[PDB]
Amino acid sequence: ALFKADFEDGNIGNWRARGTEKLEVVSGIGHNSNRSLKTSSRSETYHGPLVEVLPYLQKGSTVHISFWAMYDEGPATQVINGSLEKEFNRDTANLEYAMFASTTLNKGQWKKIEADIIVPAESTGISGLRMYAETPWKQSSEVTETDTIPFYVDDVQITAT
């Protein structure tokens, strides 16, 4: 594996919020394990746990990203997306965002979200590439409670192809 996070050491590492939401490594909740990363206090669909992965990866390569997700409150089902945040030429004012995978989860059950992704080449000037999880986009005025449910992620992995 190029990158692995199972949270079993209880460390947040380099995982971060995207806005005003709360990240916590919790104990007693996990995918076949005792620990996982909970994201709560979400008030936008795009709030979710994020980590910078570009340093783990070769520019120009194709890699396989997977993670497990779960939520246990609110609707019977809900879509979780796996997405990328990209920065070019250290321009923090013009980030790009792309979804790489999406699954419909059932309340209370862990499910795997995965895809191949392309790491842009050096000659793009790519300077950040961060994986994150989120719910499907909605404008702030249309956002409802079901959209902003807390959720867990675990067993994050990036593999060579």
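Residues carry their position along the shown sequence, with the first being 1.
- Remark: stretch with higher mean C-alpha B factor among 29-37 and 44-52 is 29-37.
- In this entry, 95-103 shows the higher mean Cα temperature factor of the pair 61-69 and 95-103.
- Ranked by C-alpha B-factor against the other modelled residues of its chain, residue 143 falls in the highest third.
- Ranked within its chain, residue 83 lands in the lowest third, by CA B factor from the PDB record.
- The entry lists a Cα temperature factor for residue 127 that places it in the lowest third of the chain's modelled residues.
- Per-chain ranking of the deposited C-alpha B factor places residue 1 in the highest third.
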